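Undergrad: So I've got this experimental structure, pasted below with the sequence.
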Number of protein chains: 2
Amino acid sequence: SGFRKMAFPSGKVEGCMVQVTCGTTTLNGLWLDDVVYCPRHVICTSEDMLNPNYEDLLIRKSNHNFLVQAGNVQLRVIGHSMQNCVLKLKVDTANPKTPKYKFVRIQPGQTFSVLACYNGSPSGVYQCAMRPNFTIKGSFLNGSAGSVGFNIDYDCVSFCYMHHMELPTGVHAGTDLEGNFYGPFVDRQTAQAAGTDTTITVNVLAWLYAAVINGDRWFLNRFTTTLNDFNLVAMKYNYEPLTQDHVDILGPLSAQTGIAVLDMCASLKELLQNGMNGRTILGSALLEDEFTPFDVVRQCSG
Amino acid sequence: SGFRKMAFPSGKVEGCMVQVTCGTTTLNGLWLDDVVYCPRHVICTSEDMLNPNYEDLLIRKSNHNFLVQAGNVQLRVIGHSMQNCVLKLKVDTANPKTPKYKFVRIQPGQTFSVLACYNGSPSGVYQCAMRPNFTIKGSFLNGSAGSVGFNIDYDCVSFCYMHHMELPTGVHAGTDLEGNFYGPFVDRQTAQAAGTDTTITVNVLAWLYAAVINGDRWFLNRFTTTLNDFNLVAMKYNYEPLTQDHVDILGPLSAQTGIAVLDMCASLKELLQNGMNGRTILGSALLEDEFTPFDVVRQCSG
């Protein structure tokens, strides 16, 4: 029993992190087979970020402008190319620690682990969710660009995120591993802001089920409700609307606890309209929305 | 910027986890050089736990009663011995992935990362604190015994915790790596309960500094207070008393923010006497006490 913000073990990813230096800019890269992936703004000077033309900046570089370091070993750059917002650096040595991997793009509301890195060196691991406004509420300092987010699926590392920048509000924006941004952001210094964030309703419900499984029951009630009456209240409190697919996804947790989804929705409706009244749920005084149904099952069953 | 519950990268520890089977009991072990460390209750049957005599149970075993598996490889047990509440299994092969390591015993209020494992296989990583009552609020299912807690100190893994059991209240108890329990617990099924937990005051203060660094300032005030007047209020709310050593430890955060410790204590005194009034601090509606001053510096400076 117990319930924690749990990340995937990072060992398989740690062996792929490298340092990439171009000019006076150094950040992190991901070394898989004989390719190093890193944010394309490594080729920018401190002044280039105001309004970069990456095609021009790249043609003015050659392979020897790129210093790639894997621990103490130097990797020789053999070729380079740009794919959307990522640089692909071909190197002379294939990473012998290359795990089985996939590149996947995730959806808002899904979670992943982040391996925060500096100078190519892993510093910490934490769990977060892709927000409905396509930002993540990460923890990143200057130099963390190129850090990656991932899930582990049996033996296979699914890479889903590469960090590029922090927005003025203190949240974080990045790309998938094909270089395509999450959300309407660009890798240049402007006045971009994130849109309105909402609460991930299916995740809040999954977490209430985790609470019941761990013996927190004070918020349950006898009432039930319909999908339509719930969503009407959810809209008023900035909660994502709830669909029949969400209900199906929560099935395993409903089965294990004997509490129907629409019954749990009635409890959620109550907590939104009355608050928590100084009670807590799994050690929190707010409703948590960064655990998926799958996260809960993994932690409360195996 | 941002602030997360951040664990250490687990790669160096993942390479040391093995599965240990004795009879029908299988749990996790830690394989360092040519020794596998695991909880001694692996030698107990489901009925032995009621009142075990470990000296008797161990003399009735031989090396071949112990099945040690490192992935697909079988490790041959060459000898065994008991050290306090841990078994030391001598094996024929030294772990080639043995990191530089130390065995250290930690103090209440200190934090560490936990690599939760099942059947010798790493499942997740999370951060927690040793509570003042010598329990940890972990997340563990049946079969997690032998999972370890650790800190990373530059290149060196400091092992500080091995998991043994869950108490009736849902919290967790274990030993250091020399087999000595944290707290007044024993590895046998009785009616042991944890004593009263208190809030780790120096950690709450460190976290308020992390909030200020990240732009949360609404709880600050002009007042100041003395060590003695604060501790009088702290006692009433079940907070650990605050000492001059704590003040010194918080120095770097006071320096970086320009807010003196005793000034921050005055803000804490206010939050205890009036509550948070529906405001949050770093995304929490409760005062968090599981980040040390060192955790904050690591995350908010580097």
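TA: Thanks, I have it. Numbers count the residues shown, from 1 in each chain, chains lettered A, B, ... in the order given.

Undergrad: isn't residue A:51 right next to residue A:57, touching?
TA: No - counting by Cβ atoms under 8 Å, residue A:51 stays clear of residue A:57, with 11.3 Å between them. To be clear about C-beta, it is placed using only N, CA and C from the backbone, and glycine gets the same treatment.

Undergrad: For these two, indicate the residue with more neighbours.
TA: Comparing residue A:51 with residue A:57 by neighbour count (other Cβ atoms under 10 Å in any protein chain shown), the higher total belongs to residue A:57, at 17 against 9.

Undergrad: Which elements pack onto whatever helix or strand that one lives in?
TA: Assessed by DSSP states H and E, residue A:57 sits inside helix A:54-59. The contact analysis (3 or more Cβ pairs under 8 Å, 6 or more residues apart in numbering or on different chains; DSSP states H and E) places helix A:54-59 against strand A:77-83.

Undergrad: any residues touching the helix or strand following the strand it packs on, and which ones?
TA: Next along the chain after strand A:77-83, taking DSSP H and E as the criterion, comes strand A:86-91. When contacts are defined by Cβ atoms under 8 Å, 6 or more residues apart in numbering or on different chains, strand A:86-91 is touched by residues A:20, A:29, A:31, A:34-40, A:42-43, A:66, A:68, A:75-82, A:162, A:175, A:177-179.

Undergrad: if we go to 7 Å?
TA: A:34-40, A:42, A:66, A:68, A:75-81, A:162, A:175, A:179 (Cβ atoms under 7 Å, 6 or more residues apart in numbering or on different chains).

Undergrad: Stretch A:92-109 now?
TA: By Cβ under 7 Å, 6+ apart, stretch A:92-109 touches A:12, A:15-16, A:31-34, A:75-76, A:78, A:112, A:129-132, A:134, A:155-160, A:176-178, A:200, A:202-203.

Undergrad: And for stretch A:155-169?
TA: With Cβ under 7 Å, 6+ apart, stretch A:155-169 has contacts from A:12-13, A:39, A:85-86, A:99-106, A:112, A:135, A:140, A:144-151, A:172-177, A:187, A:192-194, B:1.

Undergrad: let's see 6 Å
TA: For stretch A:155-169, the external contacting residues (Cβ atoms under 6 Å, 6 or more residues apart in numbering or on different chains) are A:12, A:39, A:99-104, A:106, A:112, A:144-145, A:147-151, A:172-175, A:177, A:187, A:194.

Undergrad: ok, now stretch A:291-299?
TA: So stretch A:291-299 is contacted by A:6, A:111, A:203, A:206-207, A:210, A:249-250, A:252, B:139 (Cβ under 6 Å, 6+ apart).

Undergrad: which residues in the stretch 151-300 of chain A form helices?
TA: Remark: helices assigned in the stretch 151-300 of chain A by DSSP state H, counting those that start in this stretch are A:201-213, A:227-236, A:244-249, A:251-257, A:261-274, A:293-300.

Undergrad: Ranking these by mean neighbour count, which comes first?
TA: Burial of the helices of the stretch 151-300 of chain A is given as mean neighbour count (mean count of other Cβ atoms under 10 Å in any protein chain shown); helix A:201-213 ranks first at a mean of 23.

Undergrad: Show me what that one is packed up against.
TA: helix A:251-257, helix A:293-300 (3 or more Cβ pairs under 6 Å, 6 or more residues apart in numbering or on different chains; DSSP states H and E).

Undergrad: let's go with 8 Å and repeat that
TA: helix A:244-249, helix A:251-257, helix A:261-274, helix A:293-300.

Undergrad: which bits of the stretch 51-200 of chain A sit near chain B?
TA: A:115-116, A:118, A:122-126, A:128, A:137-141, A:166, A:170-172 (Cβ under 8 Å from any Cβ of the partner chain).

Undergrad: Give me the buried subset of the residues you listed.
TA: A:115-116, A:118, A:122-126, A:128, A:137-140, A:166, A:171-172 (16 or more other Cβ atoms under 10 Å in any protein chain shown).

Undergrad: So which of the residues you listed sit within strands?
TA: A:115-116, A:118, A:122-126, A:128, A:166, A:172 (DSSP state E).

Undergrad: Counting neighbours, which of the contacts of stretch A:155-169 end up buried?
TA: Here, 16+ other Cβ under 10 Å leaves A:12, A:39, A:99, A:101, A:104, A:106, A:112, A:144-145, A:147-151, A:172-175, A:177, A:187, A:194 buried among the contacts of stretch A:155-169.
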